[PDB]
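Below: the structure, in structure tokens.
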Amino acid sequence: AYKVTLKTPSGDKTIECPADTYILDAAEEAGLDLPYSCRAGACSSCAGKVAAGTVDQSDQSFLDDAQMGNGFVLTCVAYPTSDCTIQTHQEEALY
Amino acid sequence: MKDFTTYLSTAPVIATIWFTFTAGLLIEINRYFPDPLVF
Amino acid sequence: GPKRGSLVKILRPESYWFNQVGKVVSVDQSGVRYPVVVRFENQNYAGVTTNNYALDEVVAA
Amino acid sequence: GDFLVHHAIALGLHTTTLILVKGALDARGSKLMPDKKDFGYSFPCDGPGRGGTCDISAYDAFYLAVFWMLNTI
Amino acid sequence: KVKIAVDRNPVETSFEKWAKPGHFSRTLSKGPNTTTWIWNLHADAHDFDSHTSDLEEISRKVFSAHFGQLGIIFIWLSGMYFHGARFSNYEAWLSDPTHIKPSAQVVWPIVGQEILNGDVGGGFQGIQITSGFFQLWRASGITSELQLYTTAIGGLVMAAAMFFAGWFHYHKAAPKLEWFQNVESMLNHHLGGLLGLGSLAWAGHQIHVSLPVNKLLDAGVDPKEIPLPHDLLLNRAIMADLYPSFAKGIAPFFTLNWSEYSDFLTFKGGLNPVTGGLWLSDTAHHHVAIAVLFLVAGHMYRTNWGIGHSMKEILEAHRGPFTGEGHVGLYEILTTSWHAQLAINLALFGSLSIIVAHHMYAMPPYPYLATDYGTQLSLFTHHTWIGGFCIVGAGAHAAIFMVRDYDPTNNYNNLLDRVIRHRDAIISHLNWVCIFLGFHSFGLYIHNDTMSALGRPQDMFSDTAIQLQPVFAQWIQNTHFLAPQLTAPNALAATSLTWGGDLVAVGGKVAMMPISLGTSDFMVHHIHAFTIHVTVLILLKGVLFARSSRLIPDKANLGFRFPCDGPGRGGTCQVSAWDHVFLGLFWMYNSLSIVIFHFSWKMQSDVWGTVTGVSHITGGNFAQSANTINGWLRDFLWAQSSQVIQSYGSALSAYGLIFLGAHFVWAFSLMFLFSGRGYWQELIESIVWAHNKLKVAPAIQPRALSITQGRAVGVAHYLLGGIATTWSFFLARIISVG
Amino acid sequence: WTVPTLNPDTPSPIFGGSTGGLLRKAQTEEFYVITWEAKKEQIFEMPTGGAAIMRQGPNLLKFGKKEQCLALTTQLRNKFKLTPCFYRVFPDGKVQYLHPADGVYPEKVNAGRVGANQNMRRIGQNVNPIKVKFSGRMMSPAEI
Amino acid sequence: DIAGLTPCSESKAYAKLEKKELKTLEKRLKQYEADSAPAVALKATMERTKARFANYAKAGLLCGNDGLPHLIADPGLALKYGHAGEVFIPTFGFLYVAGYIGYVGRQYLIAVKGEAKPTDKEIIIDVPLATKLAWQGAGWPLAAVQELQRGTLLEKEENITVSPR
Amino acid sequence: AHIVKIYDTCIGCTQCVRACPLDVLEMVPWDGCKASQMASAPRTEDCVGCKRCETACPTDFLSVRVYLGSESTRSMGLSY
Ligand code: CLA
Ligand SMILES: CC1=C(C/C=C(\C)CCC[C@H](C)CCC[C@H](C)CCCC(C)C)C(=O)c2ccccc2C1=O
Ligand code: SF4
Ligand code: SF4
Ligand code: FES
């Protein structure tokens with residue numbers, strides 16, 4: 001599994017997330033309550049920002065390459081591919 | 001080599017070769033046994 | 001309700017996967033009218049493979 | 001030749017009937033459009049969304065069946 | 001600073017991606033879920049702009065693509081020469097080009113295709129080729145099928161070389177963008193070397209090979225009797241025998257006494273009457289002139305030294321008052337968009353091919369070619385079609401550029417800009433003029449047929465009735481007829497008999513005669529004009545409003561090809577420049593079909609036939625039947641239909657076969673043309689219910705085609721059926737009657 | 001925030017004048033005008049076709065339809081992050097410089113926005129048109 | 001005979017059009033040498049014609065006023081008058097091979113539906129499994145009737161339906 | 001004038017509002033969905049029915065549905 005350090009408005013919380021599990025799903029299974037709505041990669045509700053490490057969000061449809069190049073990630077459809085640090089609740093910073 | 005084997009196991013080439021095989025079958029059939037009507 | 005990863009049959013008529021089976025990703029414990037989260041393997045005519053559902057629209061099958 | 005043409009006639013009958021019954025019966029709704037009845041017997045199209053709605057009304061279906069009928073006659 | 005810039009081992013070589021569909025593109029690389037995946041995969045395989053964004057890599061891709069293209073063409077030519085060497089009667093037809101039909105294709109003794117190996121003369125059993133390879137090779141002077149054997153072999157080798165070239169230049173060493181951009185260098189290189197050298201070498205081969213051997217041919221010596229070409233090259237004795245200028249070798253050329261060389265650089269004009277081909281002396285003079293021209297031409301632009309020119313500089317210089325920035329920045333544009341150069345070259349090339357066919361039937365160069373009425377007609381129609389399609393492809397890729405690479409920020413007030421401004425007035429005037437043209441030119445024939453059915457032929461528009469005589473064309477014809485007197489004192493004969501004069505006869509067949517022009521021809525010319533104007537109209541609309549419109553202010557945002565923007569606000573059906581070029585295909589086919597009809601009938605009626613007077617094929621009926629569409633249909637179509645509609649039991653029976661089959665497929669297209677993908681997907685859902693009812697659904701989700709894809713399938717099949725129907729009809733008719 | 005007004009005396013951006021311009025409908029029924037202040041001077045593209053240069057700060061342009069100004073707002077808001085405010089004007093001279101005029105922008109939730117035309121229900125819960133029969137006009141079931 | 005159809009082994013127009021054919025043949029033939037490939041081919045063609053005709057006559061085909069063979073469609077009639085060799089056996093062979101191919105198709109289809117990569121087996125194929133099912137597919141009819149007696153062929157009422165059924 | 005309707009399945013991802021080229025849509029507070037946001041059409045008389053909303057709603061049945069109605073000059077998108 002990958003250690004995902006979530007930098008949240010409540011502080012940092014490092015969770016373990018399997019390679020086959022979406023970031024958002026793992027966070028919820030760990031008891032966290034991150035934002036979401038569509039859960040289908042088609043909106044900005046679940047946006048985070050990757051500070052370090054890599055994700056695979058290939059099925060997402062809402063973000064452009066420059067947004068992803070700056071680290072933005074739709075946590076509902078993103079798998080970790082390394083230990084990573086992700087600031088949560090980033091929707092406002094996307095706009 | 002294995003890449004090549006996979007390329008041959010790709011679909012349209014397989015469809016191709018099977019069709020070629022069948023067609024050559026039937027053409028040779030008519031060659032050696034011309035003018036079939038009954039039986 | 002049903003468990004995550006579990007397999008349920010969809011019964012919502014207006015759904016693409018109606019009369020078919022899906023996999024419960026999760027179910028919300030809040031007051032949402034449709035807490036069941038169920039993936040699918042075939043995509044709809046929209047290409048989506050997961051939809052939200054109330055408890056009745058699905059059945060553990 | 002008469003055998004043959006008679007079989008052709010039966011063919012055309014079946015084709016016409018097929019398209020006609022399809023159109024008439026799917027009028028209430030469809031998998032693509034369950035609410036087909038909400039658009040009346042005659043609506044232009046639901047547009048190009050969902051891959052493209054072209055000639056989707058039962059009115060359109062009868063519209064098509066015309067040609068087959070003409071061919072048969 | 002022009003030089004060579006390359007990158008070594010850029011691309012590797014493995015069959016890995018070969019096992020990976022869609023790897024070139026992002027989305028397709030994800031694999032198929034529904035059926036359109038395969039379609040789009042195929043569709044975008046060669047859209048290198050869609051592939052990536054590297055101009056340089058895209059240049060390298062298209063470079064290797066051209067490599068492979070050339071290799072394909074090499075393969076084809078080589079196989080042609082191979083089958084010419086092995087399965088032909090070319091040597092028989094050499095012994096007698098007057099009563100042996102060129103045939104190079106033999107079929108196998110099977111269920112009944114064997115009947116088609118008809119009798120073309122010389123105990124040969126095959127199919128008459130209308131390509132004219134025979135006359136080609138005779139003009140080039142090929143004698144032994146061994147020569148064609150060698151030819152095909154070398155072609156195989158060349159093709160292999162070209163394909164290796166593509167491979168190397170893509171994976172081993174691929175040049176760099178600036179190298180691709182050294183444009184003036186490329187121009188000078190090509191302009192001088194390629195064309196000048198090719199023409200000059202062809203002239204040398206002519207002089208030292210063909211002119212001697214063709215001279216002996218028309219002298220009448222047996223083909224297997226002439227000495228060998230290299231033997232001729234060895235022995236200047238026989239060359240001086242043929243033309244004593246060769247006794248002096250080349251020193252006269254070095255003394256500028258060209259007059260002496262006149263033995264082989266003539267200016268006769270006209271055809272060799274005993275052959276019907278152009279005067280080979282005149283041909284060689286032509287080609288050497290072309291050679292010198294392009295050679296001196298290829299030294300125009302600066303590459304690495306102070307002398308030369310700057311395309312950019314001159315284009316910026318050329319600006320007029322009414323025009324603002326004139327020709328500025330276009331340099332930047334052309335240096336950047338592939339589709340720009342593409343569309344340019346396509347339009348130019350189509351126009352060329354048209355002119356090629358024109359001059360070719362105008363003054364046939366090949367031995368006894370004019371006699372082969374079928375070959376004439378066939379090659380002509382062929383190249384005409386090719387040219388028109390090149391035109392529409394030009395329009396296509398031009399619109400493509402305008403969608404993709406366009407940028408306002410660099411073109412502020414240029415020709416392009418003011419065009420974009422007053423496009424509405426432009427297109428308006430164009431509409432009006434096309435409507436007037438159609439009205440008048442069509443109603444002429446219609447009023448004729450109307451008076452006819454009304455029994456008032458006195459009131460028609462005929463060369464006998466109310467006339468429209470192309471005084472212009474006839475005056476110009478006579479002008480060319482009288483030109484050599486003074487405007488060309490060193491001339492012997494006009495370039496064409498149709499300027500006026502006598503008739504040339506080879507083997508009874510009408511080789512060439514002067515052609516008059518009646519009110520009928522007036523009308524048909526105006527028809528053609530109107531049709532072409534419609535085509536340019538639809539194309540111009542498509543390209544001008546490809547990015548926007550008062551209806552769609554954001555059309556540039558919907559990509560080049562796109563089905564519609566809904567049924568909203570009335571209905572957005574068929575609103576892409578893609579659709580526009582689609583329509584253009586239609587109107588073009590219409591145009592060129594009309595033109596070839598005109599050509600065929602006028603030929604048959606007032607040109608071709610057999611000399612005795614002239615036994616004209618249709619006896620000039622065209623002259624009085626063409627004014628009325630009833631005469632058209634009956635006397636041309638209904639009449640010449642017999643050959644095809646009774647060709648059965650003959651070797652030509654396949655002509656009627658394919659005739660009916662083309663009818664079939666052309667009608668088959670119409671279901672696509674009219675149907676609806678929504679209806680189709682509905683049927684899909686029904687049938688997949690039927691299948692799943694037996695657990696026989698396919699994994700890949702079956703999907704009805706896109707609106708665009710259905711349009712394309714339909715139009716392809718439609719044009720195919722039409723062209724094939726016409727092709728069959730023409731072939732059977734001419735093989736029967738000529 | 002408060003509704004702004006329109007100033008007809010605004011230096012309109014730099015453009016050479018096109019032919020895709022306004023028509024009778026402007027002088028007859030209505031026409032819209034767009035108001036925005038650019039941070040700098042810069043060239044841009046005309047939605048109705050053409051390249052134009054905006055001035056520093058106050059810039060003004062008028063149009064007939066709404067979609068023109070809407071697409072233009074998209075272009076500027078996503079390419080230069082400007083917050084224009086365009087109105088609805090009539091040959092009367094009455095303005096309503098309104099097209100997204102609503103304090104902020106609608107793409108974000110905002111207090112005060114009262115829901116409208118919102119069927120507080122599913123869509124499958126609609127009734128057969130056999131019941132909307134013999135009404136005062138063609139009325140859809142979903143109308144209710 | 002049947003429907004007033006005389007055998008072309010008896011009919012006149014049969015031999016008439018046969019001779020006419022051979023006449024056209026010799027006509028095209030009379031423009032060559034003897035050893036010429038075209039000559040020998042036309043001769044072989046005449047041979048093939050006469051042989052096919054002798055076979056058709058031996059087949060006992062009822063061939064009417066055209067002298068051309070017309071076929072009968074009744075099990076009882078064909079059996080009673082010795083004419084099964086024209087429709088019965090052909091139809092039977094056809095249905096055999098067709099059911100074979102369809103059955104083995106469904107066999108591979110089920111095998112690959114029992115996979116994790118349905119699309120990938122739909123594109124790239126399992127060569128040896130294909131060969132195996134091909135070898136085994138002969139017993140397709142017995143297998144199918146077994147599964148019928150077990151009622152295991154058809155899918156139950158769970159396939160997707162349209163909302164108005 | 002065309003007709004447009006919102007349904008409880010609105011997950012408020014606004015793509016509809018994000019898609020309407022005519023601003024005939026907007027988002028409001030809500031509590032039915034996690035987003036607490038409901039789509040809203042206050043300017044229907046401007047919708048030309050180009051349905052790009054309907055295209056954009058990711059909702060199983062489209063949280064929003066368009067219904068073409070009568071024709072006004074604005075409904076037809078005429079600038080003349
Ligand atoms: C597709 C429908 C069809 C049709 C139109 C015919 C037509 C015919 N059949 Mg029947 N037949 C059929 C299918 C059909 N058959 C099939 C599939 C079988 C296989 C079991 C048979 C087996 C069969 C036999 C064994 C005989 C006929 C006979 C006949 C002929 C006279 C009796 C009659 O009118 O039967 C009407 C057709 C039907 C009722 C269709 C259903 C057929 C069932 C399965 C069997 C019918 C047997 C028949 C009643 C026997 C009558 C004998 C007669 C001497 C009294 C007549 C040409 C008799 C014959 O040759 O007369 C010259 C005869 O002896 N048929
Ligand atoms: C008939 C028709 C269809 C239905 C036909 C379709 C979609 C084409 C089907 C193509 C083939 C037959 C399906 C693919 C078959 C696979 C390759 C499976 C293997 C088959 C073997 C024989 C190779 C449309 O979808 C359509 C859409 C828009 C305008 C017109 C039409 C139209 O006319
Ligand atoms: S119908 Fe057209 S105007 Fe209305 S919301 Fe949908 S896209 Fe926007
Ligand atoms: S209609 Fe769809 S995209 Fe629009 S707000 Fe509702 S859920 Fe979001
Ligand atoms: S919740 Fe919509 S993209 Fe993740």
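Here, A, B, ... name the chains of the structure tokens in the order displayed, residue numbers run from 1 inside each chain, and ligands are numbered from 1 in the same displayed order.
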Residue list for chain C near chain E as a ChimeraX atom specification, 12 Å, only C-alpha atoms: /C:16,41-49
Can those selected residues be exported to a file as a compact mmCIF listing (two decimals), in the first residue's frame so that it contains C-alpha atoms?
```txt
# COMPACT_ATOMS: atom_id res chain seq x y z
CA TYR C 16 -28.87 1.56 -17.70
CA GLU C 41 -18.37 -3.34 -15.63
CA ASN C 42 -20.17 -2.44 -18.84
CA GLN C 43 -20.53 1.26 -19.45
CA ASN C 44 -23.77 3.04 -20.23
CA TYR C 45 -24.51 4.96 -23.41
CA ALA C 46 -22.88 7.77 -21.42
CA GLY C 47 -19.83 5.61 -20.71
CA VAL C 48 -20.29 5.84 -16.94
CA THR C 49 -19.85 2.64 -14.93
```
Contacts of residue 11 in chain B at 7 Å (only C-alpha atoms; same-chain gap of 4+ positions) as a PyMOL selection string: (chain B and resi 15) or (chain G and resi 123-124)
DSSP strand (DSSP E) residues within chain H, as a PyMOL selection string: chain H and resi 3-6+26-29+37-40+64-67
Please produce a file of those selected residues containing N, CA, C and O atoms, as an mmCIF file, in the first residue's frame.
```cif
data_model
loop_
_atom_site.group_PDB
_atom_site.id
_atom_site.type_symbol
_atom_site.label_atom_id
_atom_site.label_comp_id
_atom_site.auth_asym_id
_atom_site.auth_seq_id
_atom_site.Cartn_x
_atom_site.Cartn_y
_atom_site.Cartn_z
ATOM 1 N N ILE H 3 -38.982 24.199 -22.270
ATOM 2 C CA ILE H 3 -39.217 23.836 -20.881
ATOM 3 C C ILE H 3 -38.021 23.052 -20.374
ATOM 4 O O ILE H 3 -37.505 22.171 -21.069
ATOM 5 N N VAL H 4 -37.585 23.373 -19.163
ATOM 6 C CA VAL H 4 -36.432 22.742 -18.542
ATOM 7 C C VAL H 4 -36.787 22.432 -17.099
ATOM 8 O O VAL H 4 -37.459 23.232 -16.439
ATOM 9 N N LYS H 5 -36.335 21.281 -16.607
ATOM 10 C CA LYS H 5 -36.748 20.807 -15.293
ATOM 11 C C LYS H 5 -35.586 20.156 -14.563
ATOM 12 O O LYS H 5 -34.753 19.487 -15.180
ATOM 13 N N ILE H 6 -35.553 20.341 -13.251
ATOM 14 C CA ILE H 6 -34.510 19.808 -12.386
ATOM 15 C C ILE H 6 -35.086 18.641 -11.604
ATOM 16 O O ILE H 6 -36.270 18.645 -11.249
ATOM 17 N N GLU H 26 -28.391 28.117 -13.178
ATOM 18 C CA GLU H 26 -27.593 28.607 -12.063
ATOM 19 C C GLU H 26 -27.719 27.622 -10.913
ATOM 20 O O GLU H 26 -28.638 26.799 -10.865
ATOM 21 N N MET H 27 -26.785 27.725 -9.980
ATOM 22 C CA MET H 27 -26.746 26.857 -8.817
ATOM 23 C C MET H 27 -27.251 27.605 -7.597
ATOM 24 O O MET H 27 -27.022 28.809 -7.453
ATOM 25 N N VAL H 28 -27.940 26.884 -6.720
ATOM 26 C CA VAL H 28 -28.504 27.471 -5.510
ATOM 27 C C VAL H 28 -28.130 26.595 -4.323
ATOM 28 O O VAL H 28 -27.655 25.466 -4.511
ATOM 29 N N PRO H 29 -28.308 27.069 -3.094
ATOM 30 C CA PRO H 29 -28.150 26.175 -1.947
ATOM 31 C C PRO H 29 -29.162 25.048 -2.009
ATOM 32 O O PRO H 29 -30.222 25.164 -2.629
ATOM 33 N N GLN H 37 -26.219 21.625 -3.193
ATOM 34 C CA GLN H 37 -26.383 22.541 -4.308
ATOM 35 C C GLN H 37 -27.411 21.966 -5.262
ATOM 36 O O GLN H 37 -27.357 20.777 -5.594
ATOM 37 N N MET H 38 -28.340 22.801 -5.707
ATOM 38 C CA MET H 38 -29.315 22.398 -6.703
ATOM 39 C C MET H 38 -29.201 23.292 -7.926
ATOM 40 O O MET H 38 -29.026 24.508 -7.808
ATOM 41 N N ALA H 39 -29.280 22.678 -9.099
ATOM 42 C CA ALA H 39 -29.332 23.451 -10.324
ATOM 43 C C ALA H 39 -30.672 24.164 -10.430
ATOM 44 O O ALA H 39 -31.687 23.716 -9.895
ATOM 45 N N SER H 40 -30.673 25.280 -11.150
ATOM 46 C CA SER H 40 -31.824 26.165 -11.168
ATOM 47 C C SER H 40 -31.858 26.927 -12.480
ATOM 48 O O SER H 40 -30.823 27.387 -12.966
ATOM 49 N N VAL H 64 -31.415 17.026 -15.132
ATOM 50 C CA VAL H 64 -32.089 18.133 -15.793
ATOM 51 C C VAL H 64 -32.632 17.628 -17.121
ATOM 52 O O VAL H 64 -32.033 16.754 -17.754
ATOM 53 N N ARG H 65 -33.768 18.174 -17.547
ATOM 54 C CA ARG H 65 -34.376 17.747 -18.799
ATOM 55 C C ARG H 65 -34.984 18.936 -19.519
ATOM 56 O O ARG H 65 -35.703 19.737 -18.916
ATOM 57 N N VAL H 66 -34.694 19.036 -20.803
ATOM 58 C CA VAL H 66 -35.150 20.133 -21.640
ATOM 59 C C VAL H 66 -36.385 19.669 -22.392
ATOM 60 O O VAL H 66 -36.540 18.476 -22.678
ATOM 61 N N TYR H 67 -37.278 20.605 -22.694
ATOM 62 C CA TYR H 67 -38.483 20.321 -23.464
ATOM 63 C C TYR H 67 -38.774 21.521 -24.348
ATOM 64 O O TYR H 67 -39.260 22.548 -23.863
#
```
Distance query range 71-75 of chain H at most 12 Å, only C-alpha atoms, self and fewer than 5 positions along chain excluded, as a count of residues only: 26
Residue 108 in chain G environment, 8 Å, only C-alpha atoms, sequence neighbours closer than 5 positions dropped, as a PyMOL selection string: chain G and resi 129-130+133
Nearby residues, ligand 2, 9 Å, only C-alpha atoms and all ligand atoms, as a PyMOL selection string: (chain B and resi 12+15) or (chain D and resi 54) or (chain E and resi 35-36+669-681+683-684+702-711+713-714)
